[PDB]
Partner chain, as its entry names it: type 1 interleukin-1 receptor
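Next up is one chain by itself, shown in structure tokens, the form solved without its partner chain.
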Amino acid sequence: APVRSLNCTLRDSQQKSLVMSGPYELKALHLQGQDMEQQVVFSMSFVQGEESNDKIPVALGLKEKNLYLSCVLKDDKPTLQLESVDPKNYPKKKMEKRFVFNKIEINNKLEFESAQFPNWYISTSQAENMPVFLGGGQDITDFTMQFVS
């Protein structure tokens, strides 16, 4: 039947929140109190793909927006982008591979591996207000999820 989706927020293992800074642009920063309304709410879709006990294929769309995180080669490197889609056709169970992350449960945290680019992860910097990026050292790949109404 329809693809199944949950509303959620993500925080990195230094408890940095993710926000839409600019057009098609994600950064991460320490947020608490009133300013937490600025955080991005995801619609996490459970999509078709290779699955195991602790490795579950998802897509990450922005809640009630036709925008998905997407892994594509840019100037010859796997990168993370926000990509616009046809709002009539999404979300769907058979998401294209560039939209698919393997959500991996390791030591009570989550990592989001690119299905398209093995061993490349959704990452943040230790520094405040820096972009969210694909990284596959010195990066944060460990998140926690908060389930939203």
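The term rigid core refers to the maximal set of C-alpha atoms that superpose within 1.5 Å between the two forms. Residues that one form lacks are left out of the comparison. Positions refer to the first chain, counted from 1.
Although not depicted, the form deposited with its partner chain bound is the subject of the following passage.
- Contact check for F46: a non-hydrogen atom falls within 4.5 Å of its partner chain in the deposited bound form.
- If you take 95 to 126 and check each residue for a heavy atom within 4.5 Å of its partner chain in the deposited bound form, you get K103, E105, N108, in sequence order.
- After superposition on the rigid core, the single residue among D54, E96, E83, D35 whose C-alpha moves by 2 Å or more between the shown form and the other one is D54.
- Taking a Cα shift of 2 Å or more after superposition on the rigid core as the cut-off, the single stretch of three or more consecutive residues that moves between the shown form and the other one is 52 to 54.
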